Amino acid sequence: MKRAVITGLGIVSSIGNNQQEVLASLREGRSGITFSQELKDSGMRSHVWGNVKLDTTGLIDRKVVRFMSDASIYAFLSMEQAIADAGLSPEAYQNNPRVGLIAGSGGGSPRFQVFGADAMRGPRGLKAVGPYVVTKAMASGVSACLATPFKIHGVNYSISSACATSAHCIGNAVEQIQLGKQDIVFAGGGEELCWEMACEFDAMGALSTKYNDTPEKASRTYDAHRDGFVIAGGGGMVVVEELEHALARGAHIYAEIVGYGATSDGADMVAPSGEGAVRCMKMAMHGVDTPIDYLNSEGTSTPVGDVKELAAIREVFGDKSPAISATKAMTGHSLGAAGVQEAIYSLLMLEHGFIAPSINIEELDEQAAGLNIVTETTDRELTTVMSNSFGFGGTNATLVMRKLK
């Protein structure tokens, strides 16, 4: 029913402005978290975040970047990398009805929305707002701002599902390939980092605040002393392609997506049920004859969420649990981008034969009884990896990637 593989990837995150710098952080277990004067100044309780250490000035043409917000900028630079890394040229993916793009952001653009309102409420009104805000503020800014400049002609929309946003874009891209509708679909997303949005999460008490003095130690998934997640920003993009088409062009193939799970909890608004995650991982694992060697969990670094996922994993596997690591302990939570960025970390691990360490665990949580929680970079021969993404609204996404035959 048509198979789907990844033929290229691109990424911009708190731990790397490309897959090279990223692979390096993953191996040394480098933290992307830094104290942020912006957050502390806004009056927040959280003073840390996984910021992108990149000066994007001049990296994008003036007539293009003028419609974009940081989530569009981070996803656009990621799409440039994935295109090159996929070995694709304009002639092959542009003005091609069979090449699409499905990417989005978890929160559109709080920053430009507040800028519009603030500017509008000033003496210059509409003239201060300017004619470029709609595209920066709209929820589909990440897919709109890339499909136009990259001249995409197939599918063009953004899936939004909070923290599982970019995992669903990929899953949806696969279904496009499976349905025989598209030969290639660029899938992923981005997310800006600003107080405007982070203050909403702190007001909800979901961001760690007891470690503003040891930033690199704030995100500490599965540690009995975790107190919430560290907000992060960035972008990511993967080239999802139909198998025959990619073998035909002699493309590099990182892996085949043999599993995609999308489920709903129908329970709580801001906390996972666990019952949903269980069914979600199982749906993804359905059909996959190879065991899951590694699992990049959601591991948000929150008291409730972490404990829930652990029980869920123990329910799906039990004793025969795969290696597990919460890359968020070092990268933070890029919210909408977390899905694609974590699918990439999973691919790099599968590609280079290793397992990133779950860092900052000065004391494991009782809820992680018989689970293989890797806490040190371990060289292993991976064949089948799994990534879990959970978001508010009890929305769940699970992806299973396996090395080709």
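When you see a residue number, it is the position in the sequence shown, counting from 1.
- Relative to its counterpart among 81-89 and 263-271, 263-271 has the higher mean temperature factor, C-alpha atoms as listed in the PDB entry.
- In this entry, 325-333 shows the higher mean Cα temperature factor of the pair 144-152 and 325-333.
- Set against one another, the Cα B-factors of 98, 136, 252, 282 in the record reach their highest point at 282.
- Out of 291, 171, 122, 189, it is 291 whose C-alpha atom has the highest B-factor in the PDB entry.
- Annotation for residue 11: CA B-factor lies in the lowest third of the chain's modelled residues.
- In this PDB entry, residue 354 carries a Cα temperature factor that places it within the highest third of its chain's modelled residues.
- Among all modelled residues in this chain, the alpha-carbon of residue 339 has a temperature factor (C-alpha) in the lowest third.
- Residue 229 sits in the middle third of its chain by CA B factor, as recorded in the PDB entry.
- When the CA B factors of the chain's modelled residues are split into thirds, the value for residue 362 lands in the highest one.
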